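Visitor: Structure file final-v1.txt (compact mmCIF, N, CA and C atoms and all ligand atoms) is given on the next line.
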# COMPACT_ATOMS: atom_id res chain seq x y z
N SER A 7 -6.31 -8.42 -1.52
CA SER A 7 -5.17 -8.63 -2.45
C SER A 7 -5.02 -7.49 -3.40
N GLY A 8 -3.83 -7.36 -4.04
CA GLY A 8 -3.60 -6.35 -5.06
C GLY A 8 -2.17 -5.87 -5.13
N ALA A 9 -1.76 -5.36 -6.29
CA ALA A 9 -0.39 -4.92 -6.48
C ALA A 9 -0.34 -3.73 -7.40
N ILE A 10 0.79 -2.98 -7.38
CA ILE A 10 1.10 -1.93 -8.35
C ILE A 10 2.14 -2.45 -9.31
N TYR A 11 1.93 -2.25 -10.61
CA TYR A 11 2.89 -2.70 -11.62
C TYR A 11 3.46 -1.52 -12.34
N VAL A 12 4.69 -1.11 -12.05
CA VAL A 12 5.29 0.08 -12.66
C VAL A 12 6.66 -0.30 -13.19
N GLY A 13 6.92 -0.04 -14.47
CA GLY A 13 8.21 -0.41 -15.06
C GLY A 13 8.46 -1.90 -14.92
N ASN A 14 9.64 -2.29 -14.42
CA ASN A 14 9.88 -3.71 -14.18
C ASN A 14 9.76 -4.04 -12.71
N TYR A 15 8.83 -3.38 -12.01
CA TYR A 15 8.63 -3.63 -10.58
C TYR A 15 7.18 -3.99 -10.28
N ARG A 16 6.99 -4.79 -9.20
CA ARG A 16 5.70 -5.15 -8.65
C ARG A 16 5.76 -4.72 -7.17
N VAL A 17 4.79 -3.89 -6.76
CA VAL A 17 4.72 -3.41 -5.37
C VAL A 17 3.56 -4.11 -4.69
N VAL A 18 3.83 -4.83 -3.59
CA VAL A 18 2.78 -5.56 -2.85
C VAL A 18 2.88 -5.25 -1.35
N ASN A 19 1.83 -5.61 -0.60
CA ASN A 19 1.94 -5.58 0.87
C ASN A 19 2.96 -6.66 1.27
N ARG A 20 3.92 -6.32 2.12
CA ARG A 20 4.98 -7.27 2.49
C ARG A 20 4.35 -8.55 3.10
N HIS A 21 3.27 -8.40 3.90
CA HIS A 21 2.67 -9.59 4.54
C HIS A 21 1.95 -10.50 3.56
N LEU A 22 1.70 -10.05 2.34
CA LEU A 22 1.05 -10.87 1.30
C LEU A 22 2.03 -11.30 0.18
N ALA A 23 3.32 -10.96 0.30
CA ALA A 23 4.30 -11.31 -0.74
C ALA A 23 4.37 -12.84 -0.90
N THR A 24 4.54 -13.26 -2.14
CA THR A 24 4.58 -14.71 -2.46
C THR A 24 6.02 -15.22 -2.44
N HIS A 25 6.20 -16.58 -2.62
CA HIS A 25 7.54 -17.13 -2.76
C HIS A 25 8.27 -16.50 -3.94
N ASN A 26 7.53 -16.24 -5.05
CA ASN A 26 8.15 -15.63 -6.22
C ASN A 26 8.55 -14.18 -5.97
N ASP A 27 7.73 -13.41 -5.20
CA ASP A 27 8.15 -12.05 -4.85
C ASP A 27 9.48 -12.06 -4.08
N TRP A 28 9.61 -12.96 -3.09
CA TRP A 28 10.85 -13.06 -2.30
C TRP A 28 12.05 -13.52 -3.11
N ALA A 29 11.82 -14.40 -4.10
CA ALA A 29 12.91 -14.89 -4.98
C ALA A 29 13.39 -13.79 -5.95
N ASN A 30 12.54 -12.77 -6.21
CA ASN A 30 12.91 -11.68 -7.10
C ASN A 30 12.93 -10.34 -6.31
N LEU A 31 13.35 -10.41 -5.05
CA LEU A 31 13.31 -9.25 -4.16
C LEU A 31 14.19 -8.09 -4.63
N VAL A 32 13.65 -6.86 -4.60
CA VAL A 32 14.41 -5.64 -4.89
C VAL A 32 14.60 -4.85 -3.57
N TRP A 33 13.51 -4.75 -2.77
CA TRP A 33 13.54 -3.97 -1.53
C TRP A 33 12.34 -4.37 -0.68
N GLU A 34 12.48 -4.35 0.61
CA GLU A 34 11.34 -4.57 1.52
C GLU A 34 11.56 -3.81 2.80
N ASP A 35 10.45 -3.44 3.46
CA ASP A 35 10.54 -2.72 4.72
C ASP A 35 9.35 -3.15 5.59
N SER A 36 9.62 -3.94 6.63
CA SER A 36 8.60 -4.44 7.53
C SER A 36 7.87 -3.28 8.22
N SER A 37 8.61 -2.20 8.56
CA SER A 37 7.97 -1.06 9.24
C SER A 37 6.97 -0.35 8.35
N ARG A 38 7.06 -0.55 7.02
CA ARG A 38 6.10 0.10 6.09
C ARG A 38 5.06 -0.90 5.52
N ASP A 39 5.21 -2.19 5.80
CA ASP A 39 4.40 -3.23 5.18
C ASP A 39 4.52 -3.23 3.65
N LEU A 40 5.72 -2.90 3.12
CA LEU A 40 5.91 -2.94 1.67
C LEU A 40 7.02 -3.89 1.24
N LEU A 41 6.83 -4.48 0.05
CA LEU A 41 7.83 -5.27 -0.64
C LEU A 41 7.72 -4.98 -2.12
N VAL A 42 8.88 -4.83 -2.76
CA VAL A 42 8.97 -4.63 -4.22
C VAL A 42 9.79 -5.77 -4.81
N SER A 43 9.28 -6.40 -5.85
CA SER A 43 9.96 -7.47 -6.59
C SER A 43 10.12 -7.05 -8.04
N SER A 44 11.05 -7.74 -8.75
CA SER A 44 11.28 -7.42 -10.17
C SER A 44 10.37 -8.28 -11.08
N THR A 45 9.99 -7.75 -12.25
CA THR A 45 9.12 -8.47 -13.19
C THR A 45 9.83 -8.56 -14.56
N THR A 46 9.37 -9.45 -15.43
CA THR A 46 9.94 -9.55 -16.78
C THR A 46 9.13 -8.66 -17.74
N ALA A 47 7.81 -8.58 -17.53
CA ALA A 47 6.95 -7.78 -18.39
C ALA A 47 6.88 -6.35 -17.86
N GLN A 48 6.65 -5.39 -18.75
CA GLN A 48 6.53 -3.98 -18.41
C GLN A 48 5.16 -3.73 -17.78
N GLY A 49 5.13 -2.96 -16.70
CA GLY A 49 3.89 -2.69 -15.96
C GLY A 49 2.81 -1.86 -16.61
N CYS A 50 1.64 -1.80 -15.96
CA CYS A 50 0.48 -1.05 -16.43
C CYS A 50 0.27 0.33 -15.72
N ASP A 51 0.92 0.60 -14.56
CA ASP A 51 0.68 1.80 -13.68
C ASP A 51 1.73 3.00 -13.75
N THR A 52 1.35 4.26 -13.26
CA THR A 52 2.03 5.60 -13.10
C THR A 52 1.98 5.99 -11.60
N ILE A 53 3.12 6.37 -10.99
CA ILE A 53 3.15 6.78 -9.59
C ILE A 53 2.99 8.28 -9.46
N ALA A 54 2.11 8.73 -8.58
CA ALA A 54 1.92 10.16 -8.29
C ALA A 54 3.16 10.70 -7.59
N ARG A 55 3.52 11.95 -7.91
CA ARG A 55 4.65 12.62 -7.23
C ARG A 55 4.09 13.97 -6.82
N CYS A 56 3.47 14.00 -5.65
CA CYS A 56 2.63 15.11 -5.24
C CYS A 56 2.38 15.07 -3.73
N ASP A 57 1.63 16.10 -3.25
CA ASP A 57 1.21 16.14 -1.86
C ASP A 57 -0.31 16.11 -1.73
N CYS A 58 -1.03 15.46 -2.66
CA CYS A 58 -2.49 15.33 -2.53
C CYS A 58 -2.86 14.65 -1.20
N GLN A 59 -3.96 15.10 -0.61
CA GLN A 59 -4.53 14.48 0.59
C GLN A 59 -5.99 14.05 0.34
N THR A 60 -6.44 14.04 -0.95
CA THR A 60 -7.72 13.45 -1.32
C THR A 60 -7.44 12.52 -2.53
N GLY A 61 -8.30 11.52 -2.69
CA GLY A 61 -8.18 10.54 -3.77
C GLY A 61 -9.32 9.54 -3.67
N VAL A 62 -9.15 8.45 -4.42
CA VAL A 62 -10.18 7.43 -4.52
C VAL A 62 -9.46 6.09 -4.33
N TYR A 63 -10.06 5.20 -3.51
CA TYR A 63 -9.45 3.86 -3.36
C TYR A 63 -10.42 2.76 -3.72
N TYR A 64 -9.88 1.60 -4.11
CA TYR A 64 -10.70 0.44 -4.39
C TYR A 64 -10.83 -0.44 -3.14
N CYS A 65 -12.08 -0.77 -2.80
CA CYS A 65 -12.43 -1.60 -1.64
C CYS A 65 -13.00 -2.95 -2.15
N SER A 66 -12.18 -3.99 -2.09
CA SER A 66 -12.59 -5.28 -2.64
C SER A 66 -13.76 -5.91 -1.90
N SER A 67 -13.88 -5.65 -0.57
CA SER A 67 -15.01 -6.19 0.22
C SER A 67 -16.35 -5.52 -0.06
N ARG A 68 -16.34 -4.47 -0.90
CA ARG A 68 -17.58 -3.87 -1.37
C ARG A 68 -17.68 -3.86 -2.90
N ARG A 69 -16.64 -4.36 -3.60
CA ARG A 69 -16.52 -4.24 -5.06
C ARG A 69 -16.81 -2.79 -5.51
N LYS A 70 -16.25 -1.80 -4.82
CA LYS A 70 -16.57 -0.39 -5.11
C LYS A 70 -15.37 0.48 -4.84
N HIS A 71 -15.35 1.63 -5.48
CA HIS A 71 -14.37 2.68 -5.22
C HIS A 71 -15.02 3.76 -4.34
N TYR A 72 -14.25 4.31 -3.39
CA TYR A 72 -14.75 5.35 -2.50
C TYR A 72 -13.81 6.55 -2.49
N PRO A 73 -14.36 7.77 -2.46
CA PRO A 73 -13.52 8.96 -2.32
C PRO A 73 -13.11 9.14 -0.84
N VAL A 74 -11.90 9.60 -0.60
CA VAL A 74 -11.36 9.75 0.77
C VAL A 74 -10.51 10.97 0.90
N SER A 75 -10.56 11.56 2.12
CA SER A 75 -9.59 12.54 2.61
C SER A 75 -8.64 11.78 3.55
N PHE A 76 -7.33 11.87 3.35
CA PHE A 76 -6.38 11.06 4.16
C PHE A 76 -5.30 11.92 4.74
N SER A 77 -4.72 11.44 5.87
CA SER A 77 -3.65 12.18 6.51
C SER A 77 -2.32 12.04 5.77
N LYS A 78 -1.38 12.94 6.03
CA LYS A 78 -0.03 12.85 5.45
C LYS A 78 0.70 11.61 5.98
N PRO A 79 1.63 11.04 5.21
CA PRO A 79 2.35 9.83 5.68
C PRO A 79 2.99 10.05 7.05
N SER A 80 2.71 9.13 7.99
CA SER A 80 3.19 9.32 9.37
C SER A 80 3.40 7.99 10.08
N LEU A 81 3.96 8.07 11.32
CA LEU A 81 4.27 6.91 12.15
C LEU A 81 3.03 6.67 13.01
N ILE A 82 2.36 5.54 12.85
CA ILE A 82 1.11 5.23 13.55
C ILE A 82 1.20 3.88 14.22
N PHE A 83 0.71 3.75 15.47
CA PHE A 83 0.71 2.48 16.15
C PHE A 83 -0.33 1.55 15.52
N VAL A 84 0.09 0.30 15.23
CA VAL A 84 -0.79 -0.71 14.65
C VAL A 84 -0.79 -1.92 15.60
N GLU A 85 -1.99 -2.36 15.98
CA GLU A 85 -2.16 -3.49 16.90
C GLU A 85 -1.59 -4.77 16.33
N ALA A 86 -1.20 -5.73 17.21
CA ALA A 86 -0.68 -7.01 16.75
C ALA A 86 -1.70 -7.75 15.92
N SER A 87 -1.22 -8.50 14.94
CA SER A 87 -2.05 -9.34 14.12
C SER A 87 -1.29 -10.68 13.96
N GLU A 88 -1.85 -11.60 13.16
CA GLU A 88 -1.16 -12.84 12.87
C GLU A 88 0.11 -12.59 12.01
N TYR A 89 0.25 -11.38 11.38
CA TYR A 89 1.37 -11.09 10.51
C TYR A 89 2.49 -10.26 11.14
N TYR A 90 2.19 -9.47 12.17
CA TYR A 90 3.17 -8.62 12.83
C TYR A 90 2.89 -8.51 14.30
N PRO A 91 3.96 -8.31 15.09
CA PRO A 91 3.72 -7.93 16.50
C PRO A 91 3.19 -6.50 16.52
N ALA A 92 2.69 -6.04 17.68
CA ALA A 92 2.24 -4.66 17.87
C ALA A 92 3.48 -3.76 17.61
N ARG A 93 3.33 -2.71 16.76
CA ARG A 93 4.49 -1.90 16.38
C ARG A 93 4.02 -0.55 15.80
N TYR A 94 4.96 0.36 15.54
CA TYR A 94 4.64 1.59 14.81
C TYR A 94 4.91 1.31 13.35
N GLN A 95 3.92 1.53 12.50
CA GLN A 95 4.09 1.43 11.06
C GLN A 95 4.34 2.83 10.50
N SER A 96 5.40 2.99 9.73
CA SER A 96 5.80 4.27 9.15
C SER A 96 5.18 4.48 7.75
N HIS A 97 5.18 5.74 7.29
CA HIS A 97 4.71 6.14 5.97
C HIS A 97 3.25 5.70 5.76
N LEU A 98 2.44 5.77 6.84
CA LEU A 98 1.03 5.32 6.77
C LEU A 98 0.12 6.53 6.78
N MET A 99 -0.93 6.44 5.96
CA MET A 99 -1.92 7.51 5.85
C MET A 99 -3.28 6.98 6.24
N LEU A 100 -4.01 7.65 7.12
CA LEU A 100 -5.34 7.16 7.52
C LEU A 100 -6.46 7.97 6.92
N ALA A 101 -7.58 7.28 6.76
CA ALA A 101 -8.82 7.91 6.29
C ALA A 101 -10.01 7.19 6.86
N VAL A 102 -11.18 7.88 6.87
CA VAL A 102 -12.42 7.25 7.25
C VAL A 102 -13.00 6.50 6.05
N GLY A 103 -13.18 5.19 6.22
CA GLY A 103 -13.69 4.36 5.14
C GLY A 103 -13.67 2.91 5.56
N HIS A 104 -14.33 2.07 4.76
CA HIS A 104 -14.40 0.65 5.04
C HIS A 104 -13.18 -0.16 4.58
N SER A 105 -12.63 -1.04 5.44
CA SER A 105 -11.49 -1.93 5.12
C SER A 105 -11.54 -3.13 6.05
N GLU A 106 -11.58 -4.30 5.51
CA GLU A 106 -11.56 -5.50 6.35
C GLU A 106 -10.46 -6.44 5.83
N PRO A 107 -10.16 -7.57 6.57
CA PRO A 107 -9.25 -8.58 6.05
C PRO A 107 -9.64 -8.98 4.66
N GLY A 108 -8.66 -8.83 3.80
CA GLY A 108 -8.81 -9.13 2.40
C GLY A 108 -8.67 -7.87 1.56
N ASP A 109 -8.91 -6.66 2.15
CA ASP A 109 -8.85 -5.45 1.35
C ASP A 109 -7.45 -4.89 1.08
N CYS A 110 -6.44 -5.47 1.75
CA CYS A 110 -5.06 -5.01 1.54
C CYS A 110 -4.66 -5.18 0.10
N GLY A 111 -3.99 -4.18 -0.43
CA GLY A 111 -3.54 -4.23 -1.82
C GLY A 111 -4.39 -3.38 -2.75
N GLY A 112 -5.57 -2.93 -2.29
CA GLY A 112 -6.38 -2.04 -3.12
C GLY A 112 -5.65 -0.72 -3.33
N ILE A 113 -5.70 -0.21 -4.54
CA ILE A 113 -5.00 1.02 -4.86
C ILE A 113 -5.74 2.29 -4.50
N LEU A 114 -4.99 3.25 -3.96
CA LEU A 114 -5.43 4.63 -3.73
C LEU A 114 -4.79 5.48 -4.83
N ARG A 115 -5.60 6.25 -5.58
CA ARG A 115 -5.15 7.11 -6.68
C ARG A 115 -5.65 8.52 -6.49
N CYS A 116 -4.83 9.49 -6.92
CA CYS A 116 -5.29 10.90 -7.08
C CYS A 116 -5.22 11.20 -8.59
N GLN A 117 -5.47 12.46 -8.99
CA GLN A 117 -5.40 12.86 -10.40
C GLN A 117 -4.00 12.69 -11.02
N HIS A 118 -2.94 12.51 -10.19
CA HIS A 118 -1.56 12.41 -10.70
C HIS A 118 -1.08 10.97 -10.90
N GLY A 119 -1.82 9.99 -10.32
CA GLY A 119 -1.40 8.61 -10.41
C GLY A 119 -1.62 7.85 -9.11
N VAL A 120 -0.92 6.72 -8.99
CA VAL A 120 -1.03 5.88 -7.80
C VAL A 120 -0.34 6.54 -6.59
N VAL A 121 -1.04 6.62 -5.47
CA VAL A 121 -0.54 7.18 -4.22
C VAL A 121 -0.01 6.09 -3.26
N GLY A 122 -0.73 4.96 -3.17
CA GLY A 122 -0.36 3.91 -2.22
C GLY A 122 -1.35 2.75 -2.28
N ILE A 123 -1.22 1.83 -1.31
CA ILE A 123 -2.08 0.63 -1.28
C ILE A 123 -2.66 0.45 0.10
N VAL A 124 -3.88 -0.13 0.18
CA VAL A 124 -4.46 -0.42 1.49
C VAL A 124 -3.53 -1.34 2.30
N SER A 125 -3.30 -1.02 3.56
CA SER A 125 -2.43 -1.80 4.44
C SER A 125 -3.09 -2.08 5.81
N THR A 126 -4.02 -1.23 6.29
CA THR A 126 -4.69 -1.49 7.59
C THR A 126 -6.18 -1.18 7.52
N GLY A 127 -6.96 -1.74 8.46
CA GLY A 127 -8.40 -1.51 8.53
C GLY A 127 -8.91 -1.58 9.96
N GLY A 128 -10.23 -1.72 10.03
CA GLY A 128 -10.99 -1.80 11.26
C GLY A 128 -11.48 -0.50 11.81
N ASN A 129 -12.52 -0.59 12.62
CA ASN A 129 -13.02 0.57 13.38
C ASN A 129 -13.51 1.68 12.47
N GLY A 130 -13.91 1.39 11.22
CA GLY A 130 -14.34 2.41 10.26
C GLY A 130 -13.20 3.28 9.71
N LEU A 131 -11.99 2.80 9.84
CA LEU A 131 -10.79 3.47 9.31
C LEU A 131 -10.18 2.62 8.21
N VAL A 132 -9.42 3.26 7.33
CA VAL A 132 -8.66 2.53 6.32
C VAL A 132 -7.27 3.22 6.27
N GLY A 133 -6.23 2.41 6.32
CA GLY A 133 -4.86 2.94 6.29
C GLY A 133 -4.17 2.55 5.00
N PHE A 134 -3.40 3.48 4.42
CA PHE A 134 -2.72 3.24 3.13
C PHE A 134 -1.21 3.40 3.32
N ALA A 135 -0.45 2.45 2.76
CA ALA A 135 1.00 2.55 2.76
C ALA A 135 1.35 3.47 1.55
N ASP A 136 2.00 4.62 1.83
CA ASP A 136 2.40 5.55 0.78
C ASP A 136 3.52 4.96 -0.07
N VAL A 137 3.52 5.27 -1.38
CA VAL A 137 4.63 4.87 -2.25
C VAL A 137 5.22 6.09 -2.99
N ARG A 138 4.71 7.32 -2.73
CA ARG A 138 5.11 8.50 -3.51
C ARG A 138 6.53 8.93 -3.28
N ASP A 139 7.12 8.52 -2.16
CA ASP A 139 8.52 8.87 -1.87
C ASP A 139 9.51 7.94 -2.56
N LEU A 140 9.06 6.81 -3.14
CA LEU A 140 9.97 5.83 -3.74
C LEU A 140 10.27 6.22 -5.18
N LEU A 141 11.14 7.24 -5.33
CA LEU A 141 11.40 7.81 -6.67
C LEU A 141 12.01 6.85 -7.65
N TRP A 142 12.78 5.88 -7.12
CA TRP A 142 13.47 4.89 -7.94
C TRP A 142 12.49 3.96 -8.67
N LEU A 143 11.19 3.92 -8.27
CA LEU A 143 10.24 3.05 -8.98
C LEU A 143 10.11 3.46 -10.46
N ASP A 144 10.36 4.77 -10.76
CA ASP A 144 10.25 5.42 -12.07
C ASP A 144 11.45 5.24 -12.97
N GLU A 145 12.54 4.68 -12.47
CA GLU A 145 13.77 4.50 -13.25
C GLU A 145 14.19 3.03 -13.19
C1 LIG B 201 -6.57 -8.00 12.21
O1 LIG B 201 -6.60 -7.31 10.96
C2 LIG B 201 -7.72 -6.58 10.66
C3 LIG B 201 -8.85 -6.54 11.48
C4 LIG B 201 -9.95 -5.79 11.09
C5 LIG B 201 -9.92 -5.10 9.90
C6 LIG B 201 -8.81 -5.16 9.08
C7 LIG B 201 -7.68 -5.89 9.45
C8 LIG B 201 -6.42 -5.93 8.59
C9 LIG B 201 -6.61 -5.28 7.21
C10 LIG B 201 -5.29 -5.21 9.31
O2 LIG B 201 -5.45 -4.06 9.69
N1 LIG B 201 -4.09 -5.83 9.43
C11 LIG B 201 -3.78 -7.25 9.20
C12 LIG B 201 -2.68 -7.44 8.15
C13 LIG B 201 -1.44 -6.60 8.48
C14 LIG B 201 -1.84 -5.14 8.75
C15 LIG B 201 -0.62 -4.27 9.04
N2 LIG B 201 -0.29 -3.37 8.13
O3 LIG B 201 0.03 -4.42 10.08
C16 LIG B 201 -2.91 -5.05 9.84
ZN ZN B 202 -1.78 13.91 -6.53
Once more with this new file: its structure as structure tokens, please.

Guide:
Amino acid sequence: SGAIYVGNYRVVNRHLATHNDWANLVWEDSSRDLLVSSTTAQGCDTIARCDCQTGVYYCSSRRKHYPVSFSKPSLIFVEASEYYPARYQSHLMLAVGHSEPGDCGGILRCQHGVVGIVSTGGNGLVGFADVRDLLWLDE
């Protein structure tokens, strides 16, 4: 679990969005596993606007943060799960690291701010849904 809170927006994994997220929907994209909802309170987070390929992510299944080198946002095949059919997920970045069911929503940060959230795992890999291209989150 986990979310980004920036301005009057909440960014979550689309497959973990609640009834309240859907009732306050701003934007969603199944191909990216992202959903953004509106909030009444002002958020706690800053979004990175950069091309960093290293950072640190939070892994809830270890209660620890790990440093990672990750690929640039790209179109990657993701196997079927209970939440999606087998498909290509866009704007996804991969790295070597631990991620299991439950770790989705953990934040990946570089020195400039939030980069994205955990969206895929298994096989000693961890995948992050990028949010750095969503410039409107800042306004
Ligand atoms: C079967 O899921 C796992 C198995 C081992 C390890 C980890 C997982 C989880 C985290 C995972 O990668 N996904 C399930 C939730 C939606 C994800 C997506 N973006 O399509 C895919
Ligand atoms: Zn950066």

Visitor: Using all atoms listed in the file for the distances, tell me which of A:18, A:100, A:124, A:32 is nearest to ligand LIG 201 (chain B).

Guide: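 Using all atoms listed in the file, ligand LIG 201 (chain B) sits closest to A:124.
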
Visitor: Excluding same-chain residues fewer than 5 positions from segment 125-140 of chain A, what lies within 8 Å of it counting all atoms listed in the file, as a PyMOL selection string?

Guide: chain A and resi 19+38-40+53-56+79-80+96-107+109-112+114+120+145

Visitor: Suppose you want the space between atom C of residue 73 of chain A and atom CA of residue 61 of chain A; what is it in Å?

Guide: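 These two atoms are separated by 5.9 Å.
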
Visitor: Go ahead and fit an axis-aligned box to every listed atom of ligand LIG 201 (chain B) plus 3 Å each side, and pass me the centre and edge lengths in Å, one decimal, as AutoDock Vina command-line options.

Guide:
--center_x -5.0 --center_y -5.7 --center_z 9.7 --size_x 16.0 --size_y 10.6 --size_z 11.0

Visitor: From the options A:70, A:78, A:118, A:20, which residue's atoms come nearest to ligand LIG 201 (chain B), counting only N, CA and C atoms and all ligand atoms?

Guide: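 The answer is A:20, which sits nearest to ligand LIG 201 (chain B).
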
Visitor: Atom CA of residue 67 of chain A to atom CA of residue 25 of chain A: how many Å, to one decimal?

Guide: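 Atom-to-atom, atom CA of residue 67 of chain A to atom CA of residue 25 of chain A, that is 25.2 Å.
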
Visitor: In Å to one decimal, how far is atom N of residue 10 of chain A from atom N of residue 41 of chain A?

Guide: 9.7 Å

Visitor: When you count only C-alpha atoms, which of these residues is closest to residue 16 of chain A: A:91, A:49, A:108, A:119?

Guide: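 With only C-alpha atoms as the atom set, the closest residue is A:49.
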
Visitor: If you run DSSP on the backbone, which residues of chain A are strand (DSSP E or B), as a ChimeraX atom specification?

Guide: /A:10-12,15-19,31-35,40-44,53,60-65,70-76,80-84,93-102,113-116,119-126,131-136

Visitor: Could you check which of A:81, A:121, A:113, A:23 is closest to ligand ZN 202 (chain B), using only C-alpha atoms and all ligand atoms?

Guide: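 Closest residue, counting only C-alpha atoms and all ligand atoms: A:121.
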